$ cat work30.txt   # compact mmCIF, C-alpha atoms
# COMPACT_ATOMS: atom_id res chain seq x y z
CA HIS I 3 112.97 86.72 124.72
CA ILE I 4 111.74 87.41 121.17
CA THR I 5 112.49 90.85 119.71
CA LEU I 6 111.09 92.06 116.37
CA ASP I 7 113.48 94.56 114.75
CA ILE I 8 112.04 96.52 111.83
CA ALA I 9 114.25 99.07 110.00
CA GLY I 10 116.75 99.11 112.87
CA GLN I 11 114.34 99.97 115.72
CA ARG I 12 113.26 97.34 118.20
CA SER I 13 109.55 98.16 117.69
CA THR I 14 107.78 97.40 120.97
CA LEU I 15 104.46 95.76 120.05
CA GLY I 16 102.65 92.53 120.80
CA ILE I 17 103.16 89.41 118.71
CA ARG I 18 100.40 86.84 119.10
CA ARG I 19 101.76 84.44 116.44
CA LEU I 20 105.26 83.98 115.04
CA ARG I 21 106.18 81.17 112.67
CA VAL I 22 109.51 80.93 110.85
CA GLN I 23 109.57 78.53 107.91
CA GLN I 24 112.72 77.16 106.30
CA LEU I 25 112.91 74.37 103.70
CA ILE I 26 115.50 72.68 101.54
CA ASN I 27 115.25 74.46 98.15
CA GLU I 28 112.82 77.29 98.89
CA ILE I 29 112.95 80.89 100.05
CA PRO I 30 112.60 80.86 103.87
CA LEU I 31 109.76 82.98 105.22
CA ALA I 32 108.36 84.22 108.53
CA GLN I 33 104.74 85.09 109.35
CA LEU I 34 104.02 87.56 112.13
CA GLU I 35 100.66 88.43 113.59
CA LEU I 36 100.11 91.55 115.67
CA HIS I 37 97.25 93.15 117.56
CA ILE I 38 96.79 96.92 117.39
CA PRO I 39 94.95 97.87 120.62
CA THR I 40 91.95 100.16 120.34
CA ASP I 41 90.27 99.95 123.76
CA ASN I 42 92.98 101.76 125.77
CA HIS I 43 92.69 105.35 124.64
CA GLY I 44 94.82 108.40 125.36
CA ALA I 45 98.49 108.97 124.59
CA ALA I 46 99.19 105.33 123.67
CA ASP I 47 96.23 105.14 121.28
CA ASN I 48 97.87 107.17 118.52
CA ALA I 49 101.41 106.25 119.58
CA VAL I 50 100.63 102.69 118.48
CA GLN I 51 99.40 104.14 115.17
CA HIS I 52 102.88 105.57 114.65
CA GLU I 53 104.49 102.14 115.11
CA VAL I 54 102.36 100.30 112.55
CA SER I 55 102.80 103.05 109.94
CA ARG I 56 106.53 102.20 109.86
CA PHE I 57 105.69 98.84 108.25
CA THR I 58 106.13 99.80 104.62
CA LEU I 59 106.50 97.08 102.00
CA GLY I 60 110.20 96.31 101.79
CA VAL I 61 112.06 97.03 105.03
CA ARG I 62 114.71 95.23 107.01
CA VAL I 63 112.87 92.87 109.37
CA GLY I 64 114.87 91.07 112.03
CA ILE I 65 113.70 88.41 114.48
CA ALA I 66 115.85 87.49 117.46
CA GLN I 67 115.21 84.43 119.64
CA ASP I 68 117.08 84.05 123.00
CA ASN I 69 119.71 86.67 121.98
CA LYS I 70 120.44 84.82 118.73
CA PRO I 71 119.38 85.87 115.22
CA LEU I 72 116.26 84.02 114.07
CA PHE I 73 115.17 85.26 110.64
CA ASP I 74 116.61 88.54 109.14
CA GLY I 75 114.66 89.23 105.92
CA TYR I 76 112.82 91.87 103.89
CA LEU I 77 109.07 92.41 104.30
CA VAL I 78 106.32 91.38 101.86
CA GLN I 79 102.51 91.19 102.13
CA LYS I 80 101.18 93.16 105.12
CA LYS I 81 97.53 92.10 105.65
CA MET I 82 95.16 93.72 108.17
CA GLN I 83 91.74 92.39 109.21
CA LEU I 84 89.66 94.84 111.35
CA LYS I 85 86.60 92.77 112.28
CA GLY I 86 84.46 94.36 114.97
CA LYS I 87 86.58 95.89 117.69
CA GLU I 88 89.46 93.58 116.78
CA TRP I 89 92.11 95.13 114.56
CA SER I 90 94.96 92.74 113.77
CA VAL I 91 97.72 93.06 111.20
CA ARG I 92 99.62 90.14 109.66
CA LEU I 93 103.16 90.41 108.35
CA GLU I 94 105.27 88.21 106.16
CA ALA I 95 108.96 88.51 105.47
CA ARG I 96 111.11 86.74 102.91
CA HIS I 97 114.84 86.03 102.69
CA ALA I 98 117.31 87.84 100.40
CA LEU I 99 116.51 85.18 97.76
CA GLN I 100 113.18 86.97 97.20
CA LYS I 101 115.01 89.45 94.97
CA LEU I 102 115.58 86.64 92.44
CA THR I 103 112.12 85.23 91.93
CA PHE I 104 109.88 87.40 89.67
CA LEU I 105 111.91 89.18 86.98
CA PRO I 106 112.66 87.40 83.69
CA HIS I 107 116.35 87.76 82.90
CA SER I 108 118.43 86.30 80.09
CA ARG I 109 122.13 85.38 80.03
CA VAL I 110 124.26 82.90 78.06
CA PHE I 111 127.15 81.63 80.29
CA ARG I 112 129.69 80.30 77.80
CA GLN I 113 132.83 78.48 79.02
CA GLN I 114 131.97 78.41 82.73
CA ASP I 115 131.81 75.87 85.55
CA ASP I 116 128.67 74.65 87.34
CA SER I 117 129.59 76.78 90.36
CA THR I 118 130.77 79.93 88.57
CA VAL I 119 127.42 80.15 86.80
CA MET I 120 125.54 79.95 90.08
CA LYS I 121 127.71 81.83 92.59
CA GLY I 122 127.62 84.75 90.18
CA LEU I 123 123.87 84.29 89.91
CA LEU I 124 123.08 84.39 93.63
CA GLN I 125 125.47 87.35 93.99
CA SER I 126 122.99 89.79 92.41
CA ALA I 127 121.09 90.08 95.71
CA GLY I 128 123.99 89.84 98.15
CA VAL I 129 123.66 86.14 98.92
CA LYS I 130 127.08 84.61 99.61
CA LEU I 131 127.47 81.04 98.36
CA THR I 132 129.47 78.59 100.49
CA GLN I 133 130.77 75.57 98.59
CA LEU M 266 105.80 92.70 67.19
CA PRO M 267 102.32 92.37 68.79
CA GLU M 268 100.79 95.76 67.94
CA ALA M 269 101.90 98.79 65.94
CA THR M 270 103.47 100.58 68.90
CA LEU M 271 104.16 98.81 72.19
CA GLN M 272 103.32 101.80 74.38
CA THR M 273 99.77 100.70 75.16
CA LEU M 274 100.53 97.02 75.80
CA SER M 275 103.43 98.07 78.05
CA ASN M 276 101.10 100.37 79.99
CA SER M 277 98.45 97.65 80.11
CA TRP M 278 100.59 94.94 81.68
CA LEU M 279 101.95 97.41 84.23
CA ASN M 280 98.40 98.36 85.18
CA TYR M 281 97.08 94.78 85.43
CA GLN M 282 99.94 93.96 87.80
CA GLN M 283 99.19 96.99 89.99
CA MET M 284 95.71 95.60 90.64
CA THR M 285 97.29 92.57 92.37
CA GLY M 286 99.13 94.85 94.78
CA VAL M 287 96.22 95.85 97.01
CA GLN M 288 93.31 93.43 97.13
CA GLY M 289 90.70 92.57 99.72
CA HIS M 290 87.07 93.01 100.63
CA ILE M 291 84.93 95.38 102.69
CA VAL M 292 81.89 93.68 104.22
CA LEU M 293 79.22 96.37 104.48
CA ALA M 294 75.51 96.13 105.35
CA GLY M 295 72.94 96.29 102.62
CA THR M 296 73.14 99.07 100.06
CA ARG M 297 72.82 99.36 96.29
CA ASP M 298 74.80 102.61 96.18
CA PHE M 299 77.99 100.98 94.88
CA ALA M 300 79.28 99.80 91.51
CA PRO M 301 82.45 97.98 90.38
CA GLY M 302 84.17 101.22 89.30
CA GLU M 303 83.37 103.67 92.08
CA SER M 304 86.81 104.39 93.70
CA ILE M 305 85.77 104.89 97.33
CA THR M 306 87.98 106.20 100.15
CA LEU M 307 88.74 105.16 103.74
CA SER M 308 89.13 108.15 106.03
CA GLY M 309 88.40 107.71 109.72
CA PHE M 310 90.81 104.88 110.52
CA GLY M 311 94.36 104.61 111.79
CA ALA M 312 97.53 105.18 109.83
CA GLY M 313 97.54 101.67 108.36
CA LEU M 314 94.41 101.79 106.19
CA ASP M 315 93.51 105.29 105.03
CA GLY M 316 93.20 106.20 101.38
CA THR M 317 91.26 105.93 98.15
CA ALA M 318 90.70 102.40 96.82
CA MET M 319 89.11 101.47 93.50
CA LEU M 320 86.55 98.68 93.61
CA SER M 321 86.31 95.54 91.52
CA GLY M 322 82.83 94.27 92.33
CA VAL M 323 79.94 93.98 94.75
CA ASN M 324 78.32 90.88 96.32
CA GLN M 325 74.84 91.05 97.82
CA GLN M 326 74.53 87.94 100.09
CA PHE M 327 70.89 87.73 101.22
CA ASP M 328 70.41 85.17 104.00
CA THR M 329 68.45 84.54 107.19
CA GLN M 330 71.15 85.40 109.67
CA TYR M 331 73.19 88.54 108.84
CA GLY M 332 70.30 90.09 106.88
CA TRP M 333 71.51 91.77 103.70
CA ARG M 334 75.25 92.50 103.35
CA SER M 335 76.64 94.25 100.26
CA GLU M 336 80.25 93.04 100.26
CA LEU M 337 82.62 95.23 98.25
CA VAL M 338 85.64 93.77 96.42
CA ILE M 339 89.03 95.42 95.85
CA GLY M 340 91.70 94.20 93.45
CA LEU M 341 92.16 91.67 90.64
CA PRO M 342 93.51 88.12 91.19
CA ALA M 343 96.37 87.42 88.74
CA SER M 344 97.34 87.51 85.08
CA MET M 345 98.99 85.23 82.54
CA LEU M 346 100.90 87.98 80.64
CA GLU M 347 100.81 86.64 77.10
CA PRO M 348 100.55 88.99 74.11
CA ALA M 349 98.14 86.44 72.59
CA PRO M 350 97.09 82.93 73.63
CA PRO M 351 99.83 80.74 72.19
CA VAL M 352 99.48 78.13 69.48
CA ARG M 353 102.66 76.06 69.36
CA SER M 354 101.86 73.53 66.63
CA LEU M 355 102.92 73.22 63.03
CA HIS M 356 99.98 73.63 60.67
CA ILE M 357 99.64 73.30 56.92
CA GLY M 358 97.82 75.57 54.51
CA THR M 359 97.29 76.26 50.84
CA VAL M 360 98.46 79.37 48.99
CA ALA M 361 95.58 81.74 48.17
CA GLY M 362 95.76 83.21 44.67
CA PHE M 363 97.63 86.48 44.75
CA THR M 364 97.07 89.53 46.92
CA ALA M 365 99.61 92.30 47.41
CA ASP M 366 100.87 92.99 50.92
CA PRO M 367 99.33 96.15 52.42
CA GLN M 368 102.04 96.18 55.10
CA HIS M 369 104.66 96.41 52.29
CA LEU M 370 106.57 93.26 53.15
CA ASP M 371 106.73 90.33 50.70
CA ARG M 372 104.22 88.21 52.60
CA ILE M 373 102.39 85.51 50.65
CA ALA M 374 98.65 85.29 51.24
CA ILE M 375 97.67 81.75 52.24
CA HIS M 376 94.75 79.85 53.73
CA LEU M 377 94.67 77.65 56.81
CA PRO M 378 92.23 74.70 56.68
CA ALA M 379 92.51 74.35 60.45
CA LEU M 380 90.31 77.42 60.37
CA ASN M 381 87.01 76.96 58.56
CA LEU M 382 87.53 80.27 56.76
CA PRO M 383 87.58 79.66 52.99
CA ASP M 384 86.93 83.33 52.19
CA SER M 385 89.43 85.22 54.36
CA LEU M 386 93.14 85.43 53.61
CA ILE M 387 96.17 85.32 55.90
CA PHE M 388 99.48 86.85 54.89
CA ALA M 389 102.46 84.70 55.80
CA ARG M 390 106.21 85.06 55.61
CA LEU M 391 108.33 82.92 53.28
CA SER M 392 111.44 81.09 54.50
CA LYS M 393 114.10 80.36 51.89
CA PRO M 394 117.36 78.41 52.45
CA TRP M 395 119.72 81.07 51.17
CA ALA M 396 117.85 84.10 51.01
CA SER M 397 120.51 87.00 51.14
CA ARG C 59 69.21 92.74 114.47
CA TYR C 60 66.12 90.56 114.28
CA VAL C 61 66.93 87.05 113.09
CA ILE C 62 63.94 84.71 113.56
CA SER C 63 60.98 84.41 115.89
CA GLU C 64 60.78 80.97 117.50
CA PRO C 65 57.36 79.30 117.18
CA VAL C 66 54.92 79.62 120.05
CA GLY C 67 55.11 76.47 122.15
CA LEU C 68 52.28 75.33 124.41
CA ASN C 69 52.76 73.25 127.55
CA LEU C 70 49.83 71.39 129.04
CA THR C 71 49.46 68.51 131.51
CA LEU C 72 46.56 66.08 131.69
CA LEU C 73 45.40 63.25 133.93
CA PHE C 74 43.26 60.19 133.25
CA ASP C 75 41.74 57.80 135.78
CA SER C 76 39.28 54.91 135.59
CA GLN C 77 38.48 53.37 138.91
CA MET C 78 36.18 55.93 140.54
CA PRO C 79 32.66 54.68 139.82
CA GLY C 80 31.70 57.55 137.54
CA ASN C 81 34.73 56.67 135.40
CA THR C 82 33.96 53.53 133.40
CA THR C 83 35.77 53.92 130.07
CA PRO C 84 39.25 52.37 130.42
CA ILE C 85 42.02 54.92 130.02
CA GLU C 86 43.80 52.91 127.34
CA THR C 87 41.04 53.73 124.87
CA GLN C 88 41.56 57.40 125.72
CA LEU C 89 45.34 57.09 125.48
CA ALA C 90 45.17 55.11 122.24
CA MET C 91 44.30 58.44 120.63
CA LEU C 92 46.92 60.72 122.24
CA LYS C 93 49.66 58.19 121.49
CA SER C 94 48.30 57.94 117.93
CA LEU C 95 47.65 61.60 117.14
CA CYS C 96 50.96 62.80 118.62
CA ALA C 97 53.05 60.45 116.48
CA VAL C 98 53.94 59.83 112.84
CA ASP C 99 50.98 58.78 110.71
CA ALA C 100 51.14 55.55 108.76
CA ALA C 101 49.66 57.10 105.61
CA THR C 102 52.12 59.90 104.85
CA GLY C 103 55.00 59.75 107.31
CA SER C 104 54.48 63.02 109.20
CA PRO C 105 52.76 64.37 112.31
CA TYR C 106 49.04 65.13 112.30
CA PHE C 107 48.73 68.99 112.55
CA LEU C 108 46.80 69.12 115.81
CA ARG C 109 44.47 71.92 116.89
CA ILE C 110 43.79 72.48 120.65
CA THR C 111 40.56 74.39 121.57
CA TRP C 112 38.75 75.45 124.83
CA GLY C 113 35.22 76.90 125.19
CA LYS C 114 35.96 80.62 125.77
CA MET C 115 39.76 80.61 126.05
$ encode --input "work30.txt" --output "structure tokens"
Amino acid sequence: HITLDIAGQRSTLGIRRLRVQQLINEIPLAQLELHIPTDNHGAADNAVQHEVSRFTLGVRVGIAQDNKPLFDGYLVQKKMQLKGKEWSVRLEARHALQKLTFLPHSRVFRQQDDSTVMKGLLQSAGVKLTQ
Amino acid sequence: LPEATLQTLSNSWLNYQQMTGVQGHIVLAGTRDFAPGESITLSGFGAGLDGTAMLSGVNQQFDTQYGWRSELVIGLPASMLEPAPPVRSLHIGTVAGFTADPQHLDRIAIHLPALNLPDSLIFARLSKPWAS
Amino acid sequence: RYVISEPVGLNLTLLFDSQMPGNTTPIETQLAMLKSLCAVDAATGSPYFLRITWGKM
């Protein structure tokens, strides 16, 4: 089935929506959507509070579909709604190319190839170029 | 160099990017007890959303259904992060008499007719081919 | 909450008949007023703001 790993633990919750997006020149992403149950009280009413509090911004998030790796990215932008008795939370997770996108750097790159500029430029996050 | 010391402008851009970190809205019902700088706190909830949040504005929303609903606002949308709004043209101006530089450079006080300011003077730097 | 109060609606059923020998006015002259007053007026383009009344009701 579909198993959401966050920070190494398999994190038994209930996903109502999962959508993994992957394009041709863009950072691939993955939206989750969970439901935190409120109407079933007792021991599993605060034990589900412990499982959502582990969703800090920037954690290893892994999705596995039919015992194959689906997404494997870091977490950004945890939104929660809480309308009425509903209390949903929405996750997003971005690839390792998210470490490259909002910090203005400056280099020069004299006497280098087209590939040696760029494979040393993706290497700052741990992304391994294949070419 | 935008200001005298860049401590305050470095603090200011770091603070205006923090306000984009947590942003949302709390739809309440009908009170005038709130203001855009009140810094309210969420206490009785689960471990996800508990803590003090500083407001950004209030919306009143009178209508037939829903009654009166004072919506609170948290967070600021985005920012351009310019030191000043950029002008990237070449302009021409006339030299303006003589006035010594109070900033103790050798800057030559000119006018700019793109501004309609005949009275006020603008100190400008001089570019020479050689200087040394 | 209270949202809106729907307007009071009145239901009422009538009957006309002109062949019994006390009844001599034809019922089309009596229905040429109900069909007229419960429809859009030619002057303004609106209904007629009726007012129903009974002796002690």
$ closest_atom_pairs --input "work30.txt" --of "chain M" --to "chain C" --cutoff "12 Å" --atoms "only C-alpha atoms" --output "tab-separated table"
residue	atom	partner	partner_atom	distance
M:294	CA	C:59	CA	11.6
M:328	CA	C:61	CA	9.9
M:329	CA	C:61	CA	6.6
M:330	CA	C:61	CA	5.7
M:331	CA	C:61	CA	7.7
M:332	CA	C:61	CA	7.7
M:333	CA	C:59	CA	11.1
$ residues_around --input "work30.txt" --residues "residue M:337" --least-positions-apart "2" --cutoff "12 Å" --atoms "all atoms listed in the file" --output "mmCIF file with C-alpha atoms, in the coordinates of the input"
data_model
loop_
_atom_site.group_PDB
_atom_site.id
_atom_site.type_symbol
_atom_site.label_atom_id
_atom_site.label_comp_id
_atom_site.auth_asym_id
_atom_site.auth_seq_id
_atom_site.Cartn_x
_atom_site.Cartn_y
_atom_site.Cartn_z
ATOM 1 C CA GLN M 288 93.310 93.430 97.130
ATOM 2 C CA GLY M 289 90.700 92.570 99.720
ATOM 3 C CA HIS M 290 87.070 93.010 100.630
ATOM 4 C CA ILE M 291 84.930 95.380 102.690
ATOM 5 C CA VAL M 292 81.890 93.680 104.220
ATOM 6 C CA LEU M 293 79.220 96.370 104.480
ATOM 7 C CA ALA M 294 75.510 96.130 105.350
ATOM 8 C CA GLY M 295 72.940 96.290 102.620
ATOM 9 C CA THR M 296 73.140 99.070 100.060
ATOM 10 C CA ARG M 297 72.820 99.360 96.290
ATOM 11 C CA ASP M 298 74.800 102.610 96.180
ATOM 12 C CA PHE M 299 77.990 100.980 94.880
ATOM 13 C CA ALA M 300 79.280 99.800 91.510
ATOM 14 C CA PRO M 301 82.450 97.980 90.380
ATOM 15 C CA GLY M 302 84.170 101.220 89.300
ATOM 16 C CA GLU M 303 83.370 103.670 92.080
ATOM 17 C CA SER M 304 86.810 104.390 93.700
ATOM 18 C CA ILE M 305 85.770 104.890 97.330
ATOM 19 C CA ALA M 318 90.700 102.400 96.820
ATOM 20 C CA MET M 319 89.110 101.470 93.500
ATOM 21 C CA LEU M 320 86.550 98.680 93.610
ATOM 22 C CA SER M 321 86.310 95.540 91.520
ATOM 23 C CA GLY M 322 82.830 94.270 92.330
ATOM 24 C CA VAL M 323 79.940 93.980 94.750
ATOM 25 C CA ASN M 324 78.320 90.880 96.320
ATOM 26 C CA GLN M 325 74.840 91.050 97.820
ATOM 27 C CA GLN M 326 74.530 87.940 100.090
ATOM 28 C CA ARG M 334 75.250 92.500 103.350
ATOM 29 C CA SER M 335 76.640 94.250 100.260
ATOM 30 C CA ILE M 339 89.030 95.420 95.850
ATOM 31 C CA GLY M 340 91.700 94.200 93.450
#
$ closest_atom_pairs --input "work30.txt" --of "stretch 311-336 of chain M" --to "stretch 23-39 of chain I" --cutoff "12 Å" --atoms "only C-alpha atoms" --output "JSON lines"
{"residue": "M:311", "atom": "CA", "partner": "I:38", "partner_atom": "CA", "distance": 9.8}
{"residue": "M:312", "atom": "CA", "partner": "I:38", "partner_atom": "CA", "distance": 11.2}
{"residue": "M:313", "atom": "CA", "partner": "I:38", "partner_atom": "CA", "distance": 10.2}
$ closest_atom_pairs --input "work30.txt" --of "chain I" --to "chain M" --cutoff "10 Å" --atoms "all atoms listed in the file" --output "tab-separated table"
residue	atom	partner	partner_atom	distance
I:38	CA	M:311	CA	9.8
I:40	CA	M:311	CA	9.9
I:47	CA	M:311	CA	9.7
I:48	CA	M:311	CA	8.0
I:50	CA	M:311	CA	9.4
I:51	CA	M:312	CA	5.8
I:52	CA	M:312	CA	7.2
I:53	CA	M:312	CA	9.2
I:54	CA	M:313	CA	6.5
I:55	CA	M:313	CA	5.7
I:56	CA	M:313	CA	9.1
I:57	CA	M:313	CA	8.6
I:58	CA	M:313	CA	9.6
I:79	CA	M:286	CA	8.9
I:80	CA	M:313	CA	9.8
I:81	CA	M:289	CA	9.1
I:82	CA	M:313	CA	8.3
I:83	CA	M:289	CA	9.5
I:84	CA	M:314	CA	9.9
I:85	CA	M:292	CA	9.4
I:91	CA	M:313	CA	9.1
$ atom_distance --input "work30.txt" --atom1 "atom CA of residue M:349" --atom2 "atom CA of residue M:382"
20.0 Å
$ axis_aligned_box --input "work30.txt" --around "stretch 281-287 of chain M" --padding-each-side "8 Å" --output "JSON"
{"center_x": 97.8, "center_y": 94.8, "center_z": 91.2, "size_x": 20.2, "size_y": 20.4, "size_z": 27.6}
$ residues_around --input "work30.txt" --residues "residue M:346" --least-positions-apart "5" --cutoff "12 Å" --atoms "only C-alpha atoms" --output "ChimeraX atom specification"
/M:274-275,277-282,351
$ atom_distance --input "work30.txt" --atom1 "atom CA of residue M:317" --atom2 "atom CA of residue I:59"
18.0 Å
$ residues_around --input "work30.txt" --residues "residue I:65" --least-positions-apart "2" --cutoff "7 Å" --atoms "all atoms listed in the file" --output "number ranges by chain"
I: 5-7, 63, 67, 71-74
$ residues_near_point --input "work30.txt" --point "(123.4, 92.6, 98.0)" --cutoff "12 Å" --atoms "all atoms listed in the file" --output "VMD selection string"
chain I and resid 97 to 102 122 to 130
$ atom_distance --input "work30.txt" --atom1 "atom CA of residue C:93" --atom2 "atom CA of residue C:112"
20.7 Å
$ residues_around --input "work30.txt" --residues "residue M:361" --least-positions-apart "6" --cutoff "6 Å" --atoms "all atoms listed in the file" --output "mmCIF file with C-alpha atoms, keeping the file's coordinate frame"
data_model
loop_
_atom_site.group_PDB
_atom_site.id
_atom_site.type_symbol
_atom_site.label_atom_id
_atom_site.label_comp_id
_atom_site.auth_asym_id
_atom_site.auth_seq_id
_atom_site.Cartn_x
_atom_site.Cartn_y
_atom_site.Cartn_z
ATOM 1 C CA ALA M 374 98.650 85.290 51.240
ATOM 2 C CA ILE M 375 97.670 81.750 52.240
ATOM 3 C CA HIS M 376 94.750 79.850 53.730
#
$ residues_around --input "work30.txt" --residues "residue C:75" --least-positions-apart "5" --cutoff "9 Å" --atoms "only C-alpha atoms" --output "ChimeraX atom specification"
/C:81,84-85
$ residues_near_point --input "work30.txt" --point "(93.9, 87.8, 92.0)" --cutoff "9 Å" --atoms "all atoms listed in the file" --output "count of residues only"
8
$ decode --input "work30.txt" --residues "stretch 275-288 of chain M" --atoms "N, CA, C and O atoms" --output "PDB file, in the first residue's frame"
ATOM      1  N   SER M 275      19.473  45.615   7.768  1.00  0.00           N
ATOM      2  CA  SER M 275      19.636  44.168   7.824  1.00  0.00           C
ATOM      3  C   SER M 275      18.663  43.526   8.796  1.00  0.00           C
ATOM      4  O   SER M 275      18.194  42.413   8.545  1.00  0.00           O
ATOM      5  N   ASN M 276      18.358  44.198   9.911  1.00  0.00           N
ATOM      6  CA  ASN M 276      17.308  43.716  10.801  1.00  0.00           C
ATOM      7  C   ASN M 276      15.946  43.818  10.150  1.00  0.00           C
ATOM      8  O   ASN M 276      15.091  42.960  10.373  1.00  0.00           O
ATOM      9  N   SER M 277      15.735  44.843   9.332  1.00  0.00           N
ATOM     10  CA  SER M 277      14.409  45.111   8.800  1.00  0.00           C
ATOM     11  C   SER M 277      14.020  44.131   7.712  1.00  0.00           C
ATOM     12  O   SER M 277      12.850  43.761   7.607  1.00  0.00           O
ATOM     13  N   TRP M 278      14.970  43.702   6.884  1.00  0.00           N
ATOM     14  CA  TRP M 278      14.623  42.715   5.872  1.00  0.00           C
ATOM     15  C   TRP M 278      14.455  41.337   6.482  1.00  0.00           C
ATOM     16  O   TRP M 278      13.672  40.533   5.975  1.00  0.00           O
ATOM     17  N   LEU M 279      15.178  41.047   7.563  1.00  0.00           N
ATOM     18  CA  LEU M 279      15.025  39.762   8.231  1.00  0.00           C
ATOM     19  C   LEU M 279      13.702  39.695   8.976  1.00  0.00           C
ATOM     20  O   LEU M 279      13.154  38.607   9.157  1.00  0.00           O
ATOM     21  N   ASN M 280      13.168  40.837   9.389  1.00  0.00           N
ATOM     22  CA  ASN M 280      11.888  40.843  10.076  1.00  0.00           C
ATOM     23  C   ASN M 280      10.722  40.800   9.096  1.00  0.00           C
ATOM     24  O   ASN M 280       9.717  40.138   9.361  1.00  0.00           O
ATOM     25  N   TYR M 281      10.824  41.495   7.962  1.00  0.00           N
ATOM     26  CA  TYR M 281       9.773  41.440   6.952  1.00  0.00           C
ATOM     27  C   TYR M 281       9.727  40.128   6.184  1.00  0.00           C
ATOM     28  O   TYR M 281       8.751  39.892   5.467  1.00  0.00           O
ATOM     29  N   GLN M 282      10.741  39.281   6.297  1.00  0.00           N
ATOM     30  CA  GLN M 282      10.633  37.932   5.770  1.00  0.00           C
ATOM     31  C   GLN M 282      10.137  36.939   6.806  1.00  0.00           C
ATOM     32  O   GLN M 282       9.640  35.877   6.425  1.00  0.00           O
ATOM     33  N   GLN M 283      10.266  37.247   8.101  1.00  0.00           N
ATOM     34  CA  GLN M 283       9.652  36.405   9.122  1.00  0.00           C
ATOM     35  C   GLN M 283       8.138  36.456   9.058  1.00  0.00           C
ATOM     36  O   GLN M 283       7.475  35.457   9.353  1.00  0.00           O
ATOM     37  N   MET M 284       7.573  37.598   8.667  1.00  0.00           N
ATOM     38  CA  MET M 284       6.127  37.755   8.648  1.00  0.00           C
ATOM     39  C   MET M 284       5.465  36.940   7.547  1.00  0.00           C
ATOM     40  O   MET M 284       4.246  36.757   7.588  1.00  0.00           O
ATOM     41  N   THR M 285       6.229  36.460   6.568  1.00  0.00           N
ATOM     42  CA  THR M 285       5.732  35.539   5.562  1.00  0.00           C
ATOM     43  C   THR M 285       5.795  34.091   6.009  1.00  0.00           C
ATOM     44  O   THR M 285       5.307  33.217   5.290  1.00  0.00           O
ATOM     45  N   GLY M 286       6.380  33.817   7.167  1.00  0.00           N
ATOM     46  CA  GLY M 286       6.544  32.453   7.618  1.00  0.00           C
ATOM     47  C   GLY M 286       5.262  31.833   8.114  1.00  0.00           C
ATOM     48  O   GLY M 286       4.928  30.707   7.744  1.00  0.00           O
ATOM     49  N   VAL M 287       4.538  32.552   8.961  1.00  0.00           N
ATOM     50  CA  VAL M 287       3.261  32.105   9.500  1.00  0.00           C
ATOM     51  C   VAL M 287       2.217  33.129   9.103  1.00  0.00           C
ATOM     52  O   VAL M 287       2.296  34.288   9.520  1.00  0.00           O
ATOM     53  N   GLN M 288       1.245  32.709   8.304  1.00  0.00           N
ATOM     54  CA  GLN M 288       0.219  33.630   7.846  1.00  0.00           C
ATOM     55  C   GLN M 288      -1.089  32.891   7.611  1.00  0.00           C
ATOM     56  O   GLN M 288      -1.106  31.790   7.061  1.00  0.00           O
TER      57      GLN M 288
END
